[PDB]
Structures are given as structure tokens and as C-alpha cells.
């Protein structure tokens, strides 16, 4: 009955590491925005003080250390991995590719459109939504890998 279970396990192990890395990075971005906004003792979680428009822009778009472009390339890598692992459900891949879009607005980068002049609370919720979309994508790929 089982022959290429090695395919299932190997492909599913690659996906998990990539999904976990991306979510860990997003958790760091949420914490960096919270810490920039408030202080070193800042709690990422709900009902947080000092909403600021500058924290997300500093953390994501700073010219020396900005993480926006890094985040974009990491989501792209993950979305491309999801595409190679999926079956032939365009309609399902088309759903996840839409959740993981990297498209901005006009002559601006995806990172600029999303984090230019954006409140800390809105930036953290946007990042939380991105993690939940990564986790949804992961679950759908896993189901597809089992056949």
C-alpha cells in the first residue's frame, strides 16, 4: 500500500520549515514595530499604548536597515514554493496566490504602499493576517501532499 511516503514526508518537511521561518520573521517584525513604537518592554499583544505612524515606516522602510523588501522576497519565495508543491487546483493556488500578493499601488513598492504612513496597530494586524494566510496555505498544501 505505501511506496513514495518519502516524497510526502520530504516535501511536507520543506514546507513546514519555510512556513515556520516566515511566521517567525513576521513575529519579529510585529515585535520590532511594537518596540519602536513604545519601548524595549513593549508587548506585541492587544490594548497597547502609544499608536504611532512612524514605527512601521522606520522598521519596514528605513534606507539602511528596512525589512520591507526582505519581507516581500520571503513571501514571494513561500508563494513560489506553494505553487511547486500544489497539485492542479488552479482555483486553489489562485486563492493562496491572491492571499500572498506582492502588488503595490502605481509607481511604489508593495512595502511602501502597505507601511507608508500606517498606524502601529494597523501594521501589526496586517502582519497577523499575513501569518494566518501563510498557515492557511500550509494546511491546504499539506492536505494536497497526502493526495
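Numbering follows the first chain given and starts at 1.
Enquirer: Given the B-factors recorded for C-alpha atoms, which segment has the greater mean, 46-54 or 28-36?
Expert: Between 46-54 and 28-36, it is 46-54 that shows the higher mean C-alpha B-factor.
Enquirer: Rank-wise, by C-alpha B-factor, drop residue 104 into the lowest, middle or highest third of its chain.
Expert: As the PDB entry reports it, the C-alpha B-factor of residue 104 lands in the highest third of its chain.
Enquirer: Pull the Cα B-factor of residue 69 out of the PDB entry and bin it into the chain's lowest, middle or highest third.
Expert: Middle third by C-alpha B-factor.
Enquirer: Give the position of residue 84 by CA B-factor within its chain, expressed as the lowest, middle or highest third.
Expert: It belongs to the middle third of the chain when residues are ordered by C-alpha B-factor.
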